[PDB]
Colleague: 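I have a structure I would like to understand better, so I am pasting it below and will then ask my questions one at a time.
Labels below follow one simple rule: chain letters A, B, ... track the order of the sequence lines, proteins then strands, and each chain is numbered from 1.
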Amino acid sequence: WXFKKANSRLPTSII
Amino acid sequence: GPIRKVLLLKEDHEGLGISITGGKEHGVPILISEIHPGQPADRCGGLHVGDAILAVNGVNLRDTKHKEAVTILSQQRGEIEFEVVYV
């Protein structure tokens with residue numbers, strides 16, 4: 001739900 | 001929700017099967033953005049997209065930059081405990 005800063009387009013890694 | 005501790009079993013040829021985002025330099029926790037089907041994270045059935053990884057095997061990741069956290073996570077072997085909370 002809604003707007004969480006942790007949902008914003010940020011650098012990502014696949015491990 | 002509440003903190004959960006979840007055990008993941010990773011075989012030596014496998015990765016964890018997660019995409020992770022976030023980190024100290026972004027002012028957000030280390031977060032699970034994807035759970036890859038069939039890989040260890042998926043198989044444990046206790047982890048969700050949107051979970052913050054607070055610690056892994058007792059390594060506190062609440063105040064660590066992205067790359068460092070990814071490095072620590074990728075060094076873990078065998079039966080790995082994740083301390084998580086849903087954000």
Colleague: When you group the ILVMFWY residues by side-chain heavy-atom contacts below 4.5 Å and let the links chain together, are B:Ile72 and B:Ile20 in the same group?
Modeller: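 Same cluster.
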
Colleague: Below 4.5 Å, heavy-atom pairs only: which of B:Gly50, B:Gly17, B:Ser19, B:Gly15 has the largest tally toward chain A?
Modeller: B:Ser19

Colleague: Is the shortest side-chain heavy-atom distance between B:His26 and A:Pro11 below 4.5 Å?
Modeller: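 They are in contact (side-chain heavy atoms under 4.5 Å apart), so the answer is yes.
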
Colleague: If you group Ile, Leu, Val, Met, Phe, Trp and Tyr by side-chain heavy-atom gaps below 4.5 Å, do B:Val28 and B:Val87 land in one group?
Modeller: yes

Colleague: Would you say NZ of B:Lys24 has more than 12 non-hydrogen atoms from neighbouring residues, nucleotides or ligands within 6.0 angstrom?
Modeller: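 Enclosed: over 12 neighbouring heavy atoms sit under 6.0 Å from NZ of B:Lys24.
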
Colleague: For B:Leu16, is it the side chain, the backbone, both, or neither that has a heavy atom closer than 4.5 Å to a heavy atom of chain A?
Modeller: both

Colleague: Are B:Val70 and B:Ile80 connected in the hydrophobic side-chain network, where two residues link if heavy atoms are under 4.5 Å apart?
Modeller: yes

Colleague: How long is the gap from OG on B:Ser74 to CD1 on A:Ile14, to the nearest 0.5 Å?
Modeller: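 That separation rounds to 11.5 Å.
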
Colleague: Return the CD1 to CG distance between A:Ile15 and B:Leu73, rounded to the nearest 0.5 Å.
Modeller: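 So the CD1 of A:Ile15 and the CG of B:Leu73 are separated by 4.5 Å.
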
Colleague: Could you see if B:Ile35 belongs to whatever hydrophobic cluster contains B:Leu8? Use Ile, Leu, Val, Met, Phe, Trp, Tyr and a side-chain cutoff under 4.5 Å.
Modeller: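 Yes, B:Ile35 connects to B:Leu8 through the hydrophobic network.
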
Colleague: Test of understanding: clusters of I, L, V, M, F, W, Y form through side-chain heavy atoms closer than 4.5 Å, transitively. Do B:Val59 and B:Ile30 belong to the same one?
Modeller: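 Yes; tracing contacts between hydrophobic side chains, which count when under 4.5 Å, links both residues.
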
Colleague: Is any side-chain heavy atom of B:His66 less than 4.5 Å from a side-chain heavy atom of A:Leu10?
Modeller: no

Colleague: Enter the distance from A:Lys5:NZ to B:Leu31:CG here, rounded to the nearest 0.5 Å.
Modeller: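 Here the rounded value is 11.0 Å.
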
